[PDB]
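Asks: There's a structure below that I have some questions on.
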Amino acid sequence: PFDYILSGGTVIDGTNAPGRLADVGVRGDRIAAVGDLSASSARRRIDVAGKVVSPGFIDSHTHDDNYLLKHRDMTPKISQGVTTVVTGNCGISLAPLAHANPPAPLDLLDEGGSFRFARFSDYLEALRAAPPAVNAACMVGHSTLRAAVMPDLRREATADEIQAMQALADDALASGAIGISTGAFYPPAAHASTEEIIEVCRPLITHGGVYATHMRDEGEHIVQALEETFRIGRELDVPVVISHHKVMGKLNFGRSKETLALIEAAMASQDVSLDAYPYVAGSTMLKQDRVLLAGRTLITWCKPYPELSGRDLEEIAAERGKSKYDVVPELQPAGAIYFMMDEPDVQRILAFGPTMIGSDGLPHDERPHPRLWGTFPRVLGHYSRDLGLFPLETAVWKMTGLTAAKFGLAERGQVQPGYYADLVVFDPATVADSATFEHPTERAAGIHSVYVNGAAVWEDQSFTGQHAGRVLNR
Ligand SMILES: [Zn+2]
Ligand SMILES: [Zn+2]
Ligand SMILES: [Zn+2]
Ligand SMILES: [Zn+2]
Ligand SMILES: [Zn+2]
Ligand SMILES: [Zn+2]
Ligand SMILES: [Zn+2]
Ligand SMILES: [Zn+2]
Ligand SMILES: [Zn+2]
Ligand SMILES: [Zn+2]
Ligand SMILES: [Zn+2]
């Protein structure tokens, strides 16, 4: 007999096909059958009439590396329907690195002495011993490797350092990491050459993972940054994933037409993927960057002046008698939200066929960007239902089947017999993001229940206590 059947709802199976009325039966951690299951014995037959049963949402872009250890409930994500998170993005991974003062933006994962894992395998073992509520597909970050190997980061790596980093990256992949990410836009890796990146990532073709990247520039020189990314993909001969695609800065508004055309052309000759979050503001370390600081900038957290969390940088700067750009150093380390994107570009990028959905939530932030709590329902409700940017089955595919395919997560992302029972039951008419910039932690509406490996993790708007997540391998 099945453990339970979710009966009477509409199944949107993750393959980009219109929903159809069908029951979903689960036995243990697997979807046992899909269709009219009235004749199948089940210990429970749960009525979900009026709801949609879809695969669990896969968060293609997270910084949940440490949150998975400190807050196993993973409420910001499971409350949105997320069942799997991809970690270690933008060259930022929690492991391998033993340092009590890692360089920004690595501090985005730190809760104080969190960087204690000398080997990537030790990190994966900690997750397996005390599993989080969601599955974790983990990448190792090139900036973390630089911090672990290089005494001085303000220069290109020597052959010896490249070899040491490559050795760590190879060990991580062998241990279960699903790829390697970079973020040369940031200080720890700004001096890294394309050659250094390519050689450190050679283990990918051997162990079979993806190369994920926060491109070197996402504004005026985004074309050069895209070309560097495509070149790396060709030299390594592995799939590349472009993180949080956007065009930033007033002088670049509208250029998503140009960037998407370049990505589409590249996809015709090499393996390219991309993800994006559904908002017009980004968030990361507070940084002296003329473009990031050009628009409205809010502080998410601040070490030297904790009381500044939630404040407007323009006001802080004015009252300190300095420009926004000049006041930054005295406030570091800190985090911020930057309003430097345009709605038309965000919509174009989201609608572009291949674009997968990633929240880019920064879970440790005192006053976070709302994407942490509202990304997936914002795509299903606001964009699909209310704006008609894409039909619901395509919105679902963009956070399930497409993502599982690009990251190589076998037997996940689709409501198919034999696949893992990572599922979401949501109300299509009411699903919606509730989090706003003013109240960034409000729980999404319309998310009835969430299952991970067959176990309910979210029910009655609360974590069930089921730590059902698993460390995944590509
Ligand atoms: Zn915490
Ligand atoms: Zn190896
Ligand atoms: Zn080389
Ligand atoms: Zn990034
Ligand atoms: Zn090839
Ligand atoms: Zn401006
Ligand atoms: Zn004031
Ligand atoms: Zn000056
Ligand atoms: Zn990110
Ligand atoms: Zn709306
Ligand atoms: Zn538990």
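By order in the structure tokens, chains are A, B, ...; within a chain, residues start at 1; ligands start at 1, following the order shown.
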Check stretch 365-452 of chain A with DSSP on the backbone and list each residue it calls alpha helix (DSSP H), as number ranges by chain.
Replies: A: 371-377, 392-397, 401-407
Asks: Using only C-alpha atoms and all ligand atoms, find each residue with an atom at most 9 Å away from ligand 10 and format the answer as an mmCIF file with N, CA, C and O atoms, in the first residue's frame.
Replies:
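Produced file out06.cif, reproduced below:
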data_model
loop_
_atom_site.group_PDB
_atom_site.id
_atom_site.type_symbol
_atom_site.label_atom_id
_atom_site.label_comp_id
_atom_site.auth_asym_id
_atom_site.auth_seq_id
_atom_site.Cartn_x
_atom_site.Cartn_y
_atom_site.Cartn_z
ATOM 1 N N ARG A 378 6.467 34.693 -5.723
ATOM 2 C CA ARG A 378 6.367 35.924 -6.518
ATOM 3 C C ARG A 378 6.331 35.551 -8.013
ATOM 4 O O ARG A 378 5.655 36.190 -8.816
ATOM 5 N N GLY A 381 2.736 33.623 -8.519
ATOM 6 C CA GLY A 381 1.574 34.472 -8.333
ATOM 7 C C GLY A 381 1.640 35.752 -9.120
ATOM 8 O O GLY A 381 1.017 35.893 -10.173
ATOM 9 N N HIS A 382 2.429 36.689 -8.620
ATOM 10 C CA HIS A 382 2.568 37.978 -9.272
ATOM 11 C C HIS A 382 2.932 37.912 -10.753
ATOM 12 O O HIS A 382 2.240 38.484 -11.585
ATOM 13 N N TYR A 383 3.999 37.200 -11.099
ATOM 14 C CA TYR A 383 4.397 37.187 -12.499
ATOM 15 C C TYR A 383 3.584 36.298 -13.425
ATOM 16 O O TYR A 383 3.153 36.752 -14.483
ATOM 17 N N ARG A 385 0.464 34.395 -12.739
ATOM 18 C CA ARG A 385 -0.977 34.622 -12.625
ATOM 19 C C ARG A 385 -1.438 36.053 -12.857
ATOM 20 O O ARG A 385 -2.288 36.310 -13.711
ATOM 21 N N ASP A 386 -0.882 36.990 -12.111
ATOM 22 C CA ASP A 386 -1.342 38.364 -12.233
ATOM 23 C C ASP A 386 -0.851 39.143 -13.448
ATOM 24 O O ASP A 386 -1.614 39.914 -14.022
ATOM 25 N N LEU A 387 0.394 38.935 -13.867
ATOM 26 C CA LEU A 387 0.909 39.655 -15.032
ATOM 27 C C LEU A 387 0.885 38.826 -16.325
ATOM 28 O O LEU A 387 1.028 39.371 -17.428
ATOM 29 N N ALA A 432 1.175 33.583 -3.347
ATOM 30 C CA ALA A 432 1.729 34.931 -3.458
ATOM 31 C C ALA A 432 2.852 35.225 -2.487
ATOM 32 O O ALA A 432 2.913 34.669 -1.389
ATOM 33 N N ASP A 433 3.749 36.105 -2.908
ATOM 34 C CA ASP A 433 4.817 36.531 -2.034
ATOM 35 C C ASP A 433 4.179 37.552 -1.102
ATOM 36 O O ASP A 433 3.337 38.347 -1.532
#
Asks: Given only C-alpha atoms as the basis, pick out the residue of A:113, A:18, A:287, A:190 nearest to residue A:390.
Replies: A:18
Asks: So that I can check the surroundings of stretch 233-242 of chain A, please list as a ChimeraX atom specification every protein, DNA and RNA residue that reaches within 7 Å of it, counting only C-alpha atoms and ignoring chain neighbours fewer than 6 positions away.
Replies: /A:198,202,204-205,210-214,271-275
Asks: Store the residues of this selection in a file with C-alpha atoms, as a PDB file, in the first residue's frame.
Replies:
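Result file again-v9.pdb:
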ATOM      1  CA  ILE A 198      40.299  27.515 -15.810  1.00  0.00           C
ATOM      2  CA  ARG A 202      39.874  21.297 -14.479  1.00  0.00           C
ATOM      3  CA  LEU A 204      34.972  19.432 -13.425  1.00  0.00           C
ATOM      4  CA  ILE A 205      35.437  17.535 -16.654  1.00  0.00           C
ATOM      5  CA  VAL A 210      28.985  22.530 -13.474  1.00  0.00           C
ATOM      6  CA  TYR A 211      30.942  25.806 -13.570  1.00  0.00           C
ATOM      7  CA  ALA A 212      28.736  28.497 -11.953  1.00  0.00           C
ATOM      8  CA  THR A 213      29.601  32.186 -12.041  1.00  0.00           C
ATOM      9  CA  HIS A 214      28.881  35.631 -10.682  1.00  0.00           C
ATOM     10  CA  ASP A 271      26.234  24.289 -22.787  1.00  0.00           C
ATOM     11  CA  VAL A 272      24.937  27.452 -21.076  1.00  0.00           C
ATOM     12  CA  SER A 273      22.302  28.021 -18.377  1.00  0.00           C
ATOM     13  CA  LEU A 274      21.305  31.043 -16.256  1.00  0.00           C
ATOM     14  CA  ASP A 275      19.119  31.921 -13.290  1.00  0.00           C
TER      15      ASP A 275
END
Asks: May I ask for the distance between atom CA of residue A:82 and atom CA of residue A:42, given in Å to one decimal place?
Replies: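 Going from atom CA of residue A:82 over to atom CA of residue A:42, I get 25.9 Å.
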Asks: I want to know what sits within 6 Å of residue A:436, based on only C-alpha atoms, with residues of the same chain fewer than 3 positions away left out; could you give that as number ranges by chain?
Replies: A: 370, 439-440
Asks: Now that the selection is made, can you save its residues with C-alpha atoms as a short mmCIF file (atom, residue, chain, number, x, y, z; two decimals), in the first residue's frame?
Replies:
data_model
loop_
_atom_site.label_atom_id
_atom_site.label_comp_id
_atom_site.auth_asym_id
_atom_site.auth_seq_id
_atom_site.Cartn_x
_atom_site.Cartn_y
_atom_site.Cartn_z
CA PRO A 370 12.62 40.01 0.73
CA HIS A 439 8.58 43.59 5.98
CA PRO A 440 11.02 41.15 4.33
#
Asks: Check every protein, DNA and RNA residue against ligand 4, keep those with an atom at most 9 Å away (counting only C-alpha atoms and all ligand atoms), and present them as a count of residues only.
Replies: 17
Asks: Going by DSSP on the backbone, which bits of stretch 42-286 of chain A are strand (DSSP E or B)? Write them as an MDAnalysis selection string, please.
Replies: chainID A and resid 42 45:47 52:55 57:59 82:87 97:98 116:117 135:141 179:182 210:213 240:242 272:276 282:285
Asks: Residues within 9 Å of ligand 2 (only C-alpha atoms and all ligand atoms), as a PyMOL selection string?
Replies: chain A and resi 167+169-175+203-204+206-207
Asks: For stretch 314-318 of chain A, work out the shell of residues within 12 Å, counting only C-alpha atoms and skipping chain neighbours fewer than 6 positions away, then give it as a PyMOL selection string.
Replies: chain A and resi 293-299+305+307-308+324-331+338
Asks: Of the candidates A:189, A:68, A:248, A:404, which shows the shortest atom-to-atom distance to residue A:88, using only C-alpha atoms?
Replies: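 Looking only at the distances to residue A:88, the closest residue turns out to be A:68.
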Asks: Given the choices A:397, A:67, A:339, A:458, which gets closest to ligand 6 if the distance is worked out from only C-alpha atoms and all ligand atoms?
Replies: A:339
Asks: Each residue of chain A lying at most 6 Å from ligand 11 should get a row with its shortest atom-to-atom pair and the distance in Å to one decimal, counting only C-alpha atoms and all ligand atoms; could you produce that, ordered by chain and increasing number, as CSV?
Replies:
residue,atom,partner,partner_atom_place_in_ligand_line,distance
A:465,CA,ligand 11,1 (Zn),5.7
A:466,CA,ligand 11,1 (Zn),5.6
A:467,CA,ligand 11,1 (Zn),4.6
Asks: Rank A:270, A:430, A:84, A:121 by their smallest atom-to-atom distance to ligand 5, using only C-alpha atoms and all ligand atoms, and report the top residue only.
Replies: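 For ligand 5, the nearest of the given residues is A:270.
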Asks: Any idea what the distance is between atom CA of residue A:63 and atom CA of residue A:134?
Replies: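 Taking atom CA of residue A:63 as the start and atom CA of residue A:134 as the end point, the length is 13.8 Å.
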Asks: Could you list, as an MDAnalysis selection string, all protein and nucleic acid residues with an atom at most 10 Å from ligand 3, counting only C-alpha atoms and all ligand atoms?
Replies: chainID A and resid 159 162 193:200 202 235
Asks: Write out the residues from the selection above, keeping C-alpha atoms, as a PDB file, in the first residue's frame.
Replies:
ATOM      1  CA  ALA A 159      51.438  27.746 -10.468  1.00  0.00           C
ATOM      2  CA  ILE A 162      46.784  27.068  -8.646  1.00  0.00           C
ATOM      3  CA  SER A 193      43.149  35.661 -14.275  1.00  0.00           C
ATOM      4  CA  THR A 194      40.939  33.664 -16.616  1.00  0.00           C
ATOM      5  CA  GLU A 195      43.820  31.144 -16.770  1.00  0.00           C
ATOM      6  CA  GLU A 196      43.814  30.686 -12.986  1.00  0.00           C
ATOM      7  CA  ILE A 197      40.084  30.039 -12.988  1.00  0.00           C
ATOM      8  CA  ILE A 198      40.299  27.515 -15.810  1.00  0.00           C
ATOM      9  CA  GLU A 199      43.115  25.507 -14.239  1.00  0.00           C
ATOM     10  CA  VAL A 200      41.537  25.437 -10.786  1.00  0.00           C
ATOM     11  CA  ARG A 202      39.874  21.297 -14.479  1.00  0.00           C
ATOM     12  CA  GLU A 235      38.278  25.623 -22.504  1.00  0.00           C
TER      13      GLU A 235
END
